[PDB]
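Quick heads-up: it's one chain on its own, the form deposited in one PDB entry, in structure tokens.
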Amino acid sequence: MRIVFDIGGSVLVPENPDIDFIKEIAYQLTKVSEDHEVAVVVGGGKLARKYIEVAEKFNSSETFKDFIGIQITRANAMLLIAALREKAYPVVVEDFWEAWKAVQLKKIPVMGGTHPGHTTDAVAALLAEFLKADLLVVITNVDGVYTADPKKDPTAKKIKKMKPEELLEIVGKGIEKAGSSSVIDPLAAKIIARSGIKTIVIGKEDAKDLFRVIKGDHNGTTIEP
């Protein structure tokens, strides 16, 4: 199976780089690649947000900001590339067809952001469609997908399995949210529907044993028609 991992930056670099988690996920990844094709996309996280802010205080364009965020995601991506030793594609990948080449060479392509105007979630969902992958795996700072924000609405429960259409609902069906953040960012959630690619929304815990996550023996959310 060809699998894509969309690792939220907040998870990889909460405040500083989570050395331990990195070593772990790397290990888990190196593990899964033994008998699967693996592509990864890393998030910017906290550090990204901070750099974005400074730019805001100088009123730079959305485009300009994105570029900065991208620079950062790529800085994080290279941390994993480092942890993955001789198993990952040598340098940060910047576009799908190059990621494709990496897969061909039986190596793990790790991507930061691509071009301006795309959240890591969206970039991941697309890198998936492009590679014609089987599963999209989202590690995030949340247990799974809840009927409502777990960190707010008390009447919020975790959904173990749902259809892309329902996911689009939970997250947000507003063309205003286009580009916002969430369990799964509105635009990515959209693509996932269009693509109908099976997605798993797990957290920092389940990520510890990807083998089970892959085969279902996990405690997250699963999305697919």
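If you superpose the two forms and keep the largest set of C-alpha atoms that fall within 1.5 Å, you have the rigid core. The numbering used is simple: start at 1 and walk along the sequence shown.
Keep in mind the form deposited in another entry is missing from the figure; the text below concerns it.
The only C-alpha among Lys198, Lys163, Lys46, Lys177 that moves by 2 Å or more between the shown form and the other one, given a superposition on the rigid core, is that of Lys177. Relative to what is shown, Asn141 and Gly174 are closer in that other deposited form; their C-alpha atoms differ in spacing by at least 3 Å. Relative to this conformation, a decrease of 3 Å or more in the Cα-Cα distance between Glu176 and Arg74 is found in that other deposited form.
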